[PDB]
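Student: Would you mind keeping the following structure in view while I ask a few things?
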Amino acid sequence: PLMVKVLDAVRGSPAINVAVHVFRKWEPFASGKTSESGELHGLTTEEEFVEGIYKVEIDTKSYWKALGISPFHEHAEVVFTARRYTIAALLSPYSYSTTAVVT
Amino acid sequence: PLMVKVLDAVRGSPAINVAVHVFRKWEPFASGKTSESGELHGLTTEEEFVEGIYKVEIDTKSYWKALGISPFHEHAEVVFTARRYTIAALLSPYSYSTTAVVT
Amino acid sequence: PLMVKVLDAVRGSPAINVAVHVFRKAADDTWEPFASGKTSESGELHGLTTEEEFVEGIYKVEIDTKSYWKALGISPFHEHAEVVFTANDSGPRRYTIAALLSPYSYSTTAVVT
Amino acid sequence: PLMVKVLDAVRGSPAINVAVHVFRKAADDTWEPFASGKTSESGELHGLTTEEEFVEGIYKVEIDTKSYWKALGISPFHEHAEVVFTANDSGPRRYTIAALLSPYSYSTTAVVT
Ligand SMILES: Cc1[nH]nc(N)c1-c1ccccc1
Ligand SMILES: Cc1[nH]nc(N)c1-c1ccccc1
Ligand SMILES: [Ca+2]
Ligand SMILES: [Ca+2]
Ligand SMILES: [Ca+2]
Ligand SMILES: [Ca+2]
């Protein structure tokens with residue numbers, strides 16, 4: 001029911017091995033690291049993911065430090081009210097954009 | 001070797017049935033319409049897609065008119081020098097962002 | 001030293017009368033309220049803070065995009081847009097945080113001078 | 001009536017000395033050169049045109065992002081960033097085209113007042 005996809009706008013690549021944490025209003029409850037394709041599947045389950053207010057926190061700063069690229073943000077976080085949901089993020093050192101795809 | 005993916009930032013959805021045209025420096029040579037997932041596969045072939053300068057033109061204005069949403073841009077176009085390439089676009093009525101994923 | 005600018009990608013306009021809340025991380029690792037304000041008719045919020053107040057630290061700027069969209073009559077996806085960043089670590093700088101809003105997306109960038 | 005603002009998402013800065021070319025679609029459906037300039041130290045390009053010159057029509061603003069990135073020593077993906085839009089169709093308006101640049105991406109929005 002919830003997937004994250006992270007892309008790198010500097011290198012033109014998926015953002016790989018990025019830490020992602022999910023919280024519900026903040027109680028952490030799901031987290032993982034992006035795969036080779038920049039995607040993080042299997043965070044949660046249909047049973048667990050109830051309506052409510054969620055935060056997806058992506059650890060952009062350690063991703064940029066692993067690349068030797070100087071970052072601005074501590075993270076990127078995405079807070080929304082809750083179908084399948086994809087939270088997509090496109091990362092640059094001093095900016096990020098995020099959209100939700102709800103199908 | 002070349003795929004396009006289009007997302008809608010107003011509705012939170014893939015952008016479906018959007019016309020996409022590809023040109024090589026401008027000679028048109030590949031075009032199609034996005035699927036239900038907002039993706040357009042099979043534009044070209046490994047043999048056809050040589051190094052050079054390309055333009056991907058996405059017909060955003062007819063997509064926004066089909067939705068009853070007033071657009072700004074005539075289109076979105078993406079011009080680059082040429083692996084597999086994904087051109088991703090995220091659409092709003094008065095803005096668009098585009099990135100390339102090169103794997 | 002800190003300004004915030006907010007634009008609407010649906011209407012092609014400045015995002016007016018948007019609430020912006022700033023917090024600073026405190027020593028016990030909670031967020032301390034630091035400054036707030038609302039965007040003007042140009043979508044800009046100036047006068048949040050002063051050179052004297054704005055010390056080094058980790059800040060959170062939270063833009064209330066939910067109430068902006070509901071005041072337009074639209075049901076948005078996100079509760080707010082934000083940036084969390086470390087400020088002034090090599091001395092004072094001037095930071096502009098710009099945010100571009102749509103119902104299901106936003107982007108934000110920082111300009112540091 | 002037309003301004004362009006360009007920001008760098010890598011450096012967190014204005015994109016200075018960026019070339020911007022404006023074209024207008026002519027009656028035979030070719031692009032006619034309309035105006036050009038370079039961004040200032042604030043990343044802004046003012047004085048492109050005048051109310052009198054800027055009539056209704058379909059414009060293309062082409063931002064030379066390739067030479068910006070190569071002058072920084074970086075090999076970018078896109079040749080340029082752009083917008084193509086119909087201007088002044090219900091009378092004069094003021095248009096700001098803003099663009100945010102990274103080596104493999106860009107976004108652009110329009111603010112119309
Ligand atoms: C192109 C763009 N800008 N901002 C974004 N989140 C995206 C995007 C990210 C992943 C997939 C498709 C689009
Ligand atoms: C925050 C953002 N995302 N995409 C953009 N073009 C912007 C923007 C760029 C220049 C000036 C102001 C905002
Ligand atoms: Ca769990
Ligand atoms: Ca063909
Ligand atoms: Ca310090
Ligand atoms: Ca007219």
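Ordered as shown in the structure tokens, chains take letters A, B, and onward, while each chain numbers its residues from 1 and ligands are numbered from 1 in the order shown.
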Can you show chain B as a short mmCIF file (atom, residue, chain, number, x, y, z; two decimals) with N, CA, C and O atoms, in the first residue's frame once it has been least-squares superposed onto chain A, using every C-alpha atom paired in order?
Tutor:
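So out.cif came out as:
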```
data_model
loop_
_atom_site.label_atom_id
_atom_site.label_comp_id
_atom_site.auth_asym_id
_atom_site.auth_seq_id
_atom_site.Cartn_x
_atom_site.Cartn_y
_atom_site.Cartn_z
N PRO B 1 0.77 -1.24 0.00
CA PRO B 1 0.00 0.00 0.00
C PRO B 1 0.81 1.30 0.00
O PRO B 1 0.22 2.33 -0.30
N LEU B 2 2.10 1.22 0.31
CA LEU B 2 2.95 2.41 0.42
C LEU B 2 4.30 2.09 -0.12
O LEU B 2 4.88 1.10 0.32
N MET B 3 4.72 2.87 -1.09
CA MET B 3 6.02 2.70 -1.68
C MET B 3 6.64 4.06 -1.76
O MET B 3 6.00 5.06 -1.88
N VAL B 4 7.96 4.06 -1.67
CA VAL B 4 8.76 5.31 -1.82
C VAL B 4 9.69 5.18 -3.01
O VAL B 4 10.41 4.19 -3.07
N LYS B 5 9.88 6.22 -3.76
CA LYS B 5 10.85 6.22 -4.87
C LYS B 5 11.66 7.46 -4.84
O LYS B 5 11.07 8.53 -4.70
N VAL B 6 13.00 7.29 -4.86
CA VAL B 6 13.87 8.44 -4.70
C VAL B 6 14.82 8.54 -5.90
O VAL B 6 15.47 7.54 -6.21
N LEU B 7 14.92 9.71 -6.46
CA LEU B 7 15.78 10.02 -7.61
C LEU B 7 16.71 11.18 -7.29
O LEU B 7 16.50 11.97 -6.49
N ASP B 8 17.90 11.07 -7.94
CA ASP B 8 19.01 11.99 -7.80
C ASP B 8 19.16 12.89 -9.01
O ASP B 8 19.40 12.42 -10.06
N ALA B 9 18.96 14.20 -8.81
CA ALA B 9 18.95 15.15 -9.90
C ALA B 9 20.33 15.68 -10.31
O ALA B 9 20.48 16.37 -11.31
N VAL B 10 21.27 15.36 -9.47
CA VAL B 10 22.70 15.75 -9.76
C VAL B 10 23.38 14.76 -10.68
O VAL B 10 23.99 15.14 -11.67
N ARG B 11 23.20 13.48 -10.36
CA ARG B 11 23.85 12.38 -11.03
C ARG B 11 22.99 11.72 -12.08
O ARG B 11 23.46 10.81 -12.80
N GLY B 12 21.68 12.02 -12.10
CA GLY B 12 20.82 11.41 -13.07
C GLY B 12 20.56 9.99 -12.89
O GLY B 12 20.63 9.22 -13.81
N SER B 13 20.27 9.62 -11.69
CA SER B 13 20.30 8.21 -11.29
C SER B 13 19.18 8.01 -10.23
O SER B 13 18.74 8.94 -9.55
N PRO B 14 18.80 6.75 -10.03
CA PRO B 14 18.08 6.46 -8.80
C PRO B 14 18.90 6.83 -7.63
O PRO B 14 20.19 6.70 -7.71
N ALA B 15 18.34 7.13 -6.47
CA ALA B 15 19.06 7.33 -5.22
C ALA B 15 19.03 6.05 -4.46
O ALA B 15 17.97 5.65 -3.97
N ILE B 16 20.23 5.40 -4.37
CA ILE B 16 20.30 4.05 -3.90
C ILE B 16 20.76 4.00 -2.48
O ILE B 16 21.59 4.83 -2.10
N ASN B 17 20.29 3.09 -1.69
CA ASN B 17 20.69 2.92 -0.28
C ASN B 17 20.44 4.13 0.57
O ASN B 17 21.14 4.45 1.49
N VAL B 18 19.30 4.77 0.28
CA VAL B 18 18.86 5.90 1.08
C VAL B 18 17.94 5.44 2.22
O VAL B 18 17.02 4.69 1.91
N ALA B 19 18.13 5.85 3.43
CA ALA B 19 17.32 5.48 4.55
C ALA B 19 15.99 6.23 4.53
O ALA B 19 16.03 7.39 4.36
N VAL B 20 14.90 5.51 4.79
CA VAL B 20 13.54 6.13 4.76
C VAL B 20 12.90 5.64 6.01
O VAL B 20 12.83 4.50 6.24
N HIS B 21 12.26 6.57 6.75
CA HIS B 21 11.54 6.21 7.94
C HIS B 21 10.08 6.74 7.81
O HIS B 21 9.84 7.83 7.33
N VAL B 22 9.15 5.99 8.30
CA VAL B 22 7.71 6.37 8.22
C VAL B 22 7.29 6.47 9.66
O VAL B 22 7.40 5.55 10.46
N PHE B 23 6.44 7.49 9.92
CA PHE B 23 5.89 7.73 11.23
C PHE B 23 4.38 8.00 11.06
O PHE B 23 3.96 8.48 10.02
N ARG B 24 3.66 7.65 12.10
CA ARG B 24 2.24 7.95 12.16
C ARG B 24 1.97 8.86 13.35
O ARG B 24 2.47 8.60 14.44
N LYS B 25 1.04 9.82 13.21
CA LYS B 25 0.90 10.83 14.25
C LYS B 25 0.18 10.23 15.44
O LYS B 25 -0.91 9.67 15.23
N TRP B 26 4.82 11.67 17.12
CA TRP B 26 5.13 10.86 15.95
C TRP B 26 5.63 9.49 16.36
O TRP B 26 6.62 9.40 17.04
N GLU B 27 4.90 8.45 16.01
CA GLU B 27 5.29 7.11 16.34
C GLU B 27 5.98 6.51 15.08
O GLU B 27 5.36 6.40 14.01
N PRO B 28 7.27 6.11 15.19
CA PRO B 28 7.86 5.41 14.04
C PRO B 28 7.22 4.09 13.90
O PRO B 28 6.87 3.49 14.91
N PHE B 29 7.02 3.62 12.66
CA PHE B 29 6.58 2.28 12.52
C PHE B 29 7.07 1.52 11.32
O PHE B 29 6.86 0.33 11.26
N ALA B 30 7.72 2.17 10.36
CA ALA B 30 8.21 1.45 9.18
C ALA B 30 9.37 2.22 8.67
O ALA B 30 9.51 3.42 8.87
N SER B 31 10.36 1.44 8.20
CA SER B 31 11.58 2.05 7.65
C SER B 31 12.36 1.05 6.80
O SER B 31 12.11 -0.13 6.83
N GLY B 32 13.21 1.60 5.96
CA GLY B 32 14.00 0.71 5.12
C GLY B 32 15.01 1.53 4.35
O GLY B 32 15.19 2.68 4.60
N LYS B 33 15.66 0.85 3.39
CA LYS B 33 16.66 1.55 2.55
C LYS B 33 16.25 1.28 1.04
O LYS B 33 15.87 0.15 0.66
N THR B 34 16.33 2.34 0.21
CA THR B 34 16.06 2.18 -1.19
C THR B 34 16.93 1.19 -1.91
O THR B 34 18.16 1.05 -1.59
N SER B 35 16.39 0.50 -2.87
CA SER B 35 17.10 -0.53 -3.66
C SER B 35 17.89 0.14 -4.78
O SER B 35 17.97 1.36 -4.88
N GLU B 36 18.49 -0.71 -5.63
CA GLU B 36 19.18 -0.25 -6.83
C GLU B 36 18.36 0.58 -7.78
O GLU B 36 18.90 1.38 -8.56
N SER B 37 17.06 0.37 -7.77
CA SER B 37 16.22 1.20 -8.61
C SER B 37 15.69 2.46 -7.90
O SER B 37 14.86 3.18 -8.44
N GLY B 38 16.08 2.69 -6.68
CA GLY B 38 15.67 3.83 -5.94
C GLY B 38 14.32 3.63 -5.28
O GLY B 38 13.77 4.59 -4.77
N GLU B 39 13.88 2.40 -5.18
CA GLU B 39 12.57 2.15 -4.66
C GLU B 39 12.62 1.40 -3.37
O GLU B 39 13.51 0.60 -3.16
N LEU B 40 11.64 1.56 -2.52
CA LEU B 40 11.55 0.95 -1.24
C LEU B 40 10.13 0.41 -1.15
O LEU B 40 9.13 1.18 -1.15
N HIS B 41 10.01 -0.89 -1.24
CA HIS B 41 8.80 -1.67 -1.22
C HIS B 41 8.72 -2.39 0.14
O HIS B 41 9.72 -2.47 0.85
N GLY B 42 7.54 -2.84 0.47
CA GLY B 42 7.39 -3.66 1.68
C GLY B 42 7.52 -2.98 3.02
O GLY B 42 7.83 -3.64 3.99
N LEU B 43 7.33 -1.67 3.08
CA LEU B 43 7.32 -0.93 4.30
C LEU B 43 6.29 -1.35 5.30
O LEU B 43 6.54 -1.35 6.49
N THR B 44 5.09 -1.61 4.78
CA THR B 44 3.96 -1.85 5.63
C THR B 44 3.02 -2.81 4.95
O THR B 44 3.31 -3.35 3.90
N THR B 45 1.80 -2.93 5.48
CA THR B 45 0.81 -3.87 5.02
C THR B 45 -0.53 -3.16 4.89
O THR B 45 -0.77 -2.14 5.50
N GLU B 46 -1.42 -3.74 4.11
CA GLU B 46 -2.76 -3.23 4.03
C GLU B 46 -3.44 -3.11 5.42
O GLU B 46 -4.16 -2.12 5.66
N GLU B 47 -3.20 -4.07 6.31
CA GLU B 47 -3.79 -4.09 7.65
C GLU B 47 -3.28 -2.96 8.52
O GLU B 47 -4.01 -2.31 9.30
N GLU B 48 -1.94 -2.78 8.48
CA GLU B 48 -1.33 -1.72 9.26
C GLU B 48 -1.59 -0.27 8.82
O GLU B 48 -1.60 0.61 9.62
N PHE B 49 -1.71 -0.04 7.55
CA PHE B 49 -1.69 1.29 7.05
C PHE B 49 -3.16 1.80 7.05
O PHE B 49 -3.80 1.85 6.01
N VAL B 50 -3.52 2.37 8.17
CA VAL B 50 -4.91 2.97 8.35
C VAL B 50 -4.83 4.43 8.05
O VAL B 50 -3.85 4.97 7.83
N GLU B 51 -6.07 4.85 7.85
CA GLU B 51 -6.21 6.31 7.69
C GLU B 51 -5.59 7.07 8.84
O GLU B 51 -5.55 6.56 9.96
N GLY B 52 -5.05 8.26 8.55
CA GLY B 52 -4.40 9.04 9.60
C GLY B 52 -3.42 9.94 8.94
O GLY B 52 -3.41 10.10 7.76
N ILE B 53 -2.53 10.47 9.76
CA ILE B 53 -1.55 11.44 9.32
C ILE B 53 -0.16 10.81 9.44
O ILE B 53 0.15 10.28 10.46
N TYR B 54 0.53 10.81 8.30
CA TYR B 54 1.81 10.14 8.22
C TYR B 54 2.91 11.11 7.88
O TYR B 54 2.72 12.08 7.24
N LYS B 55 4.17 10.74 8.25
CA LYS B 55 5.37 11.42 7.83
C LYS B 55 6.35 10.44 7.24
O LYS B 55 6.67 9.42 7.90
N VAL B 56 6.74 10.73 6.01
CA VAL B 56 7.90 9.96 5.46
C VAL B 56 9.13 10.87 5.53
O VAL B 56 9.17 11.94 5.01
N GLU B 57 10.16 10.41 6.20
CA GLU B 57 11.39 11.12 6.39
C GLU B 57 12.52 10.39 5.58
O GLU B 57 12.73 9.21 5.80
N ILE B 58 13.11 11.10 4.66
CA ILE B 58 14.16 10.53 3.88
C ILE B 58 15.51 11.14 4.27
O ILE B 58 15.63 12.34 4.34
N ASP B 59 16.46 10.26 4.54
CA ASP B 59 17.74 10.75 5.06
C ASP B 59 18.65 11.20 3.92
O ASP B 59 19.61 10.49 3.57
N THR B 60 18.42 12.38 3.42
CA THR B 60 19.11 12.93 2.27
C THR B 60 20.57 13.32 2.64
O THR B 60 21.45 13.23 1.80
N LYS B 61 20.68 13.82 3.82
CA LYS B 61 22.05 14.27 4.21
C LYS B 61 23.02 13.13 4.19
O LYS B 61 24.22 13.35 3.69
N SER B 62 22.71 11.96 4.70
CA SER B 62 23.75 10.87 4.65
C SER B 62 23.87 10.41 3.25
O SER B 62 25.00 9.96 2.92
N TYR B 63 22.82 10.50 2.39
CA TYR B 63 23.01 10.09 1.00
C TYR B 63 23.98 11.03 0.27
O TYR B 63 25.02 10.52 -0.30
N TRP B 64 23.93 12.31 0.45
CA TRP B 64 24.74 13.26 -0.20
C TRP B 64 26.18 13.09 0.39
O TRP B 64 27.18 13.15 -0.40
N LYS B 65 26.31 12.96 1.71
CA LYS B 65 27.69 12.76 2.29
C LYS B 65 28.23 11.48 1.65
O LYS B 65 29.54 11.44 1.47
N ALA B 66 27.59 10.34 1.56
CA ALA B 66 28.17 9.14 0.91
C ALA B 66 28.68 9.40 -0.49
O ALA B 66 29.66 8.75 -0.93
N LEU B 67 28.22 10.45 -1.16
CA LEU B 67 28.63 10.78 -2.53
C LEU B 67 29.74 11.82 -2.61
O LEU B 67 30.13 12.16 -3.70
N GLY B 68 30.06 12.41 -1.47
CA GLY B 68 30.96 13.55 -1.40
C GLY B 68 30.45 14.89 -1.87
O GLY B 68 31.14 15.76 -2.39
N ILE B 69 29.12 15.05 -1.75
CA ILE B 69 28.39 16.22 -2.29
C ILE B 69 27.80 16.98 -1.07
O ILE B 69 27.35 16.34 -0.14
N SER B 70 28.04 18.27 -1.01
CA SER B 70 27.77 19.03 0.16
C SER B 70 26.18 19.31 0.18
O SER B 70 25.64 20.04 -0.67
N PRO B 71 25.49 18.85 1.22
CA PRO B 71 24.00 19.07 1.27
C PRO B 71 23.65 20.24 2.13
O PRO B 71 24.19 20.58 3.11
N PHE B 72 22.41 20.68 1.89
CA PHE B 72 21.76 21.78 2.67
C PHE B 72 20.86 21.24 3.78
O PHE B 72 20.88 21.66 4.88
N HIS B 73 19.95 20.35 3.35
CA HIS B 73 18.91 19.88 4.25
C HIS B 73 19.36 18.76 5.15
O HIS B 73 20.28 18.03 4.81
N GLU B 74 18.79 18.70 6.36
CA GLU B 74 18.95 17.59 7.22
C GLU B 74 18.31 16.37 6.66
O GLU B 74 18.79 15.27 6.94
N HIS B 75 17.14 16.55 5.97
CA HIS B 75 16.44 15.45 5.44
C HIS B 75 15.45 16.03 4.47
O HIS B 75 15.40 17.21 4.21
N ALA B 76 14.70 15.11 3.92
CA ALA B 76 13.45 15.56 3.32
C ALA B 76 12.36 14.80 4.04
O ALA B 76 12.49 13.63 4.22
N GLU B 77 11.25 15.49 4.40
CA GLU B 77 10.08 14.90 5.04
C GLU B 77 8.86 15.33 4.39
O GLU B 77 8.73 16.44 3.95
N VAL B 78 8.02 14.33 4.32
CA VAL B 78 6.83 14.45 3.61
C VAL B 78 5.62 14.04 4.48
O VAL B 78 5.55 12.94 4.83
N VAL B 79 4.74 15.00 4.84
CA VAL B 79 3.70 14.79 5.82
C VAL B 79 2.30 14.93 5.15
O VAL B 79 2.07 15.90 4.47
N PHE B 80 1.51 13.86 5.27
CA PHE B 80 0.23 13.84 4.53
C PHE B 80 -0.77 13.08 5.27
O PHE B 80 -0.54 12.36 6.20
N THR B 81 -2.04 13.33 4.83
CA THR B 81 -3.20 12.62 5.34
C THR B 81 -3.55 11.48 4.38
O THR B 81 -3.64 11.71 3.16
N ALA B 82 -3.71 10.27 4.92
CA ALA B 82 -4.20 9.14 4.15
C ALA B 82 -5.73 8.98 4.35
O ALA B 82 -6.07 8.85 5.49
N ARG B 83 -6.82 2.14 -2.42
CA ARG B 83 -5.73 2.94 -2.94
C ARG B 83 -4.37 2.34 -2.64
O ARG B 83 -4.20 1.64 -1.67
N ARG B 84 -3.42 2.70 -3.48
CA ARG B 84 -2.00 2.51 -3.24
C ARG B 84 -1.33 3.88 -3.33
O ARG B 84 -1.67 4.68 -4.17
N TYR B 85 -0.30 4.12 -2.50
CA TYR B 85 0.32 5.41 -2.41
C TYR B 85 1.79 5.20 -2.79
O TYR B 85 2.47 4.31 -2.26
N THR B 86 2.26 6.05 -3.69
CA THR B 86 3.69 6.18 -3.96
C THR B 86 4.11 7.57 -3.66
O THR B 86 3.55 8.53 -4.18
N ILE B 87 5.12 7.67 -2.80
CA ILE B 87 5.71 8.97 -2.47
C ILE B 87 6.99 9.08 -3.27
O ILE B 87 7.92 8.25 -3.05
N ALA B 88 7.08 9.98 -4.20
CA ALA B 88 8.25 10.13 -5.04
C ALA B 88 8.88 11.38 -4.66
O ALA B 88 8.36 12.43 -4.43
N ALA B 89 10.23 11.25 -4.61
CA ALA B 89 11.12 12.40 -4.25
C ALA B 89 12.27 12.57 -5.23
O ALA B 89 12.89 11.56 -5.58
N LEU B 90 12.51 13.76 -5.61
CA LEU B 90 13.66 14.06 -6.52
C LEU B 90 14.45 15.04 -5.79
O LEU B 90 14.19 16.08 -5.34
N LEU B 91 15.79 14.59 -5.63
CA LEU B 91 16.78 15.24 -4.68
C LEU B 91 17.87 16.09 -5.35
O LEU B 91 18.50 15.53 -6.29
N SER B 92 18.06 17.26 -4.89
CA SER B 92 19.31 18.00 -5.17
C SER B 92 19.81 18.54 -3.82
O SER B 92 19.33 18.44 -2.78
N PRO B 93 21.15 18.93 -3.85
CA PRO B 93 21.74 19.35 -2.63
C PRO B 93 21.12 20.45 -1.83
O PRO B 93 21.08 20.39 -0.65
N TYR B 94 20.47 21.39 -2.57
CA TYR B 94 19.85 22.52 -1.91
C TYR B 94 18.28 22.56 -2.21
O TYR B 94 17.68 23.60 -1.93
N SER B 95 17.75 21.46 -2.76
CA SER B 95 16.31 21.51 -3.11
C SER B 95 15.91 20.11 -3.09
O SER B 95 16.52 19.17 -3.44
N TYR B 96 14.57 19.94 -2.93
CA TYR B 96 13.90 18.68 -3.26
C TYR B 96 12.39 18.93 -3.66
O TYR B 96 11.90 19.95 -3.33
N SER B 97 12.01 18.05 -4.51
CA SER B 97 10.57 18.05 -4.84
C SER B 97 10.04 16.63 -4.58
O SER B 97 10.54 15.55 -4.80
N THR B 98 8.72 16.66 -4.18
CA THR B 98 8.08 15.45 -3.80
C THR B 98 6.59 15.50 -4.30
O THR B 98 6.02 16.60 -4.38
N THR B 99 6.18 14.37 -4.77
CA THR B 99 4.72 14.28 -5.20
C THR B 99 4.25 12.98 -4.72
O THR B 99 4.94 12.11 -4.37
N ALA B 100 2.92 12.89 -4.67
CA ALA B 100 2.28 11.63 -4.31
C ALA B 100 1.49 11.13 -5.52
O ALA B 100 0.85 11.94 -6.20
N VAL B 101 1.58 9.86 -5.74
CA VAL B 101 0.82 9.17 -6.77
C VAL B 101 -0.09 8.20 -6.00
O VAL B 101 0.35 7.27 -5.33
N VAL B 102 -1.37 8.46 -6.16
CA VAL B 102 -2.45 7.73 -5.45
C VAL B 102 -3.35 7.06 -6.47
O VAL B 102 -4.08 7.74 -7.17
N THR B 103 -3.32 5.73 -6.55
CA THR B 103 -3.98 4.92 -7.62
C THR B 103 -4.95 3.94 -6.99
O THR B 103 -4.74 3.48 -5.87
#
```
Student: Using only C-alpha atoms and all ligand atoms, find each residue with an atom at most 10 Å away from ligand 2 and format the answer as a ChimeraX atom specification.
Tutor: /A:95-97 /B:95-97 /C:5-9,96-101,106-111 /D:4-9,14,43-44,96-101,106-111
Student: For the residues in that selection, give me N, CA and C atoms as a short mmCIF file (atom, residue, chain, number, x, y, z; two decimals), in the first residue's frame.
Tutor:
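Final output, saved to part.cif:
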```cif
data_model
loop_
_atom_site.label_atom_id
_atom_site.label_comp_id
_atom_site.auth_asym_id
_atom_site.auth_seq_id
_atom_site.Cartn_x
_atom_site.Cartn_y
_atom_site.Cartn_z
N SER A 95 17.75 21.46 -2.76
CA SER A 95 16.31 21.51 -3.11
C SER A 95 15.91 20.11 -3.09
N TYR A 96 14.57 19.94 -2.93
CA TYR A 96 13.90 18.68 -3.26
C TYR A 96 12.39 18.93 -3.66
N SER A 97 12.01 18.05 -4.51
CA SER A 97 10.57 18.05 -4.84
C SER A 97 10.04 16.63 -4.58
N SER B 95 3.49 24.97 -14.05
CA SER B 95 4.89 24.60 -13.75
C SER B 95 5.00 23.24 -14.25
N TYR B 96 6.29 22.85 -14.52
CA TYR B 96 6.67 21.45 -14.65
C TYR B 96 8.18 21.23 -14.24
N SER B 97 8.34 20.07 -13.75
CA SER B 97 9.74 19.65 -13.50
C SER B 97 9.98 18.34 -14.24
N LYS C 5 9.48 32.47 0.51
CA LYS C 5 8.67 32.87 -0.61
C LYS C 5 7.92 31.64 -1.04
N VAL C 6 6.59 31.80 -1.29
CA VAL C 6 5.67 30.73 -1.60
C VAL C 6 4.85 31.07 -2.88
N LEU C 7 4.90 30.15 -3.80
CA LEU C 7 4.23 30.26 -5.11
C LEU C 7 3.34 29.08 -5.30
N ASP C 8 2.22 29.40 -6.03
CA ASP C 8 1.13 28.42 -6.41
C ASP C 8 1.27 28.01 -7.82
N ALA C 9 1.47 26.73 -8.06
CA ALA C 9 1.67 26.17 -9.38
C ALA C 9 0.37 25.84 -10.16
N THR C 96 17.12 32.23 1.88
CA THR C 96 15.73 32.36 1.34
C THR C 96 15.29 30.98 1.10
N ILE C 97 14.12 30.67 1.64
CA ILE C 97 13.54 29.38 1.37
C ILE C 97 12.35 29.63 0.45
N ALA C 98 12.42 29.04 -0.71
CA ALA C 98 11.33 29.17 -1.67
C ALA C 98 10.64 27.88 -1.82
N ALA C 99 9.29 27.94 -1.90
CA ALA C 99 8.42 26.78 -2.07
C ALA C 99 7.32 26.95 -3.16
N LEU C 100 7.19 25.92 -3.93
CA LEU C 100 6.29 25.95 -5.07
C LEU C 100 5.35 24.85 -4.76
N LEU C 101 4.01 25.25 -4.73
CA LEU C 101 2.89 24.33 -4.24
C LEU C 101 1.88 23.78 -5.30
N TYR C 106 5.01 19.30 -3.68
CA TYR C 106 5.65 20.59 -3.57
C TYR C 106 7.20 20.43 -3.75
N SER C 107 7.71 21.55 -4.12
CA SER C 107 9.21 21.63 -4.09
C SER C 107 9.59 22.85 -3.43
N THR C 108 10.84 22.66 -2.92
CA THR C 108 11.47 23.73 -2.09
C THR C 108 12.99 23.82 -2.38
N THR C 109 13.40 25.00 -2.43
CA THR C 109 14.88 25.17 -2.57
C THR C 109 15.25 26.28 -1.64
N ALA C 110 16.58 26.30 -1.38
CA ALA C 110 17.26 27.24 -0.53
C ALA C 110 18.26 28.07 -1.33
N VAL C 111 18.26 29.33 -1.08
CA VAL C 111 19.24 30.24 -1.66
C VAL C 111 19.95 30.87 -0.47
N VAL D 4 12.77 37.03 -15.92
CA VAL D 4 13.20 35.63 -15.77
C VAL D 4 14.15 35.48 -14.54
N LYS D 5 13.95 34.49 -13.71
CA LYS D 5 14.78 34.32 -12.55
C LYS D 5 15.24 32.89 -12.59
N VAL D 6 16.57 32.68 -12.34
CA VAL D 6 17.24 31.40 -12.44
C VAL D 6 18.06 31.11 -11.15
N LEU D 7 17.80 29.97 -10.60
CA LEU D 7 18.43 29.49 -9.35
C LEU D 7 19.05 28.16 -9.60
N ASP D 8 20.19 27.99 -8.85
CA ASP D 8 21.03 26.73 -8.86
C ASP D 8 20.76 25.91 -7.67
N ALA D 9 20.30 24.69 -7.86
CA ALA D 9 19.94 23.77 -6.81
C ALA D 9 21.12 22.94 -6.23
N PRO D 14 21.78 32.02 -6.64
CA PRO D 14 21.31 32.53 -7.92
C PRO D 14 22.15 32.01 -9.05
N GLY D 43 20.53 36.52 -10.10
CA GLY D 43 19.87 35.53 -10.89
C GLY D 43 18.64 36.05 -11.66
N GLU D 44 18.47 37.36 -11.74
CA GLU D 44 17.30 37.91 -12.39
C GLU D 44 17.65 38.61 -13.68
N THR D 96 6.47 36.29 -14.80
CA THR D 96 7.84 35.95 -14.31
C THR D 96 7.98 34.51 -14.55
N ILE D 97 9.08 34.16 -15.21
CA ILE D 97 9.38 32.77 -15.41
C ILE D 97 10.56 32.44 -14.51
N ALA D 98 10.32 31.53 -13.61
CA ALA D 98 11.38 31.11 -12.70
C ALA D 98 11.78 29.72 -13.02
N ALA D 99 13.12 29.48 -12.97
CA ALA D 99 13.72 28.17 -13.24
C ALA D 99 14.80 27.74 -12.19
N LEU D 100 14.69 26.51 -11.82
CA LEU D 100 15.53 25.96 -10.77
C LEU D 100 16.24 24.87 -11.47
N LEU D 101 17.63 24.97 -11.41
CA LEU D 101 18.56 24.06 -12.22
C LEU D 101 19.39 23.00 -11.44
N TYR D 106 15.48 20.06 -14.36
CA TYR D 106 15.12 21.42 -14.01
C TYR D 106 13.56 21.53 -13.84
N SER D 107 13.28 22.54 -13.09
CA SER D 107 11.83 22.92 -13.05
C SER D 107 11.73 24.35 -13.24
N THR D 108 10.49 24.60 -13.74
CA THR D 108 10.12 25.99 -14.14
C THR D 108 8.65 26.29 -13.78
N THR D 109 8.48 27.44 -13.32
CA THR D 109 7.06 27.85 -13.08
C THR D 109 6.96 29.25 -13.56
N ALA D 110 5.67 29.63 -13.75
CA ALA D 110 5.23 30.92 -14.21
C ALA D 110 4.39 31.62 -13.15
N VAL D 111 4.65 32.86 -12.95
CA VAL D 111 3.86 33.71 -12.07
C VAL D 111 3.34 34.84 -12.95
#
```
Student: Just list the residues in segment 5-83 of chain C DSSP gives strand (DSSP E) on the backbone, as a PyMOL selection string.
Tutor: chain C and resi 5-8+13-14+19-25+31-38+44-45+57-63+78-83
Student: What separation in Å, quoted to one decimal, exists between atom CA of residue 112 of chain D and atom CA of residue 26 of chain D?
Tutor: 23.1 Å
Student: Residues near segment 17-25 of chain C, anyone? I mean within 6 Å using only C-alpha atoms, not counting same-chain ones fewer than 6 positions away, as number ranges by chain.
Tutor: C: 31-40, 58-64
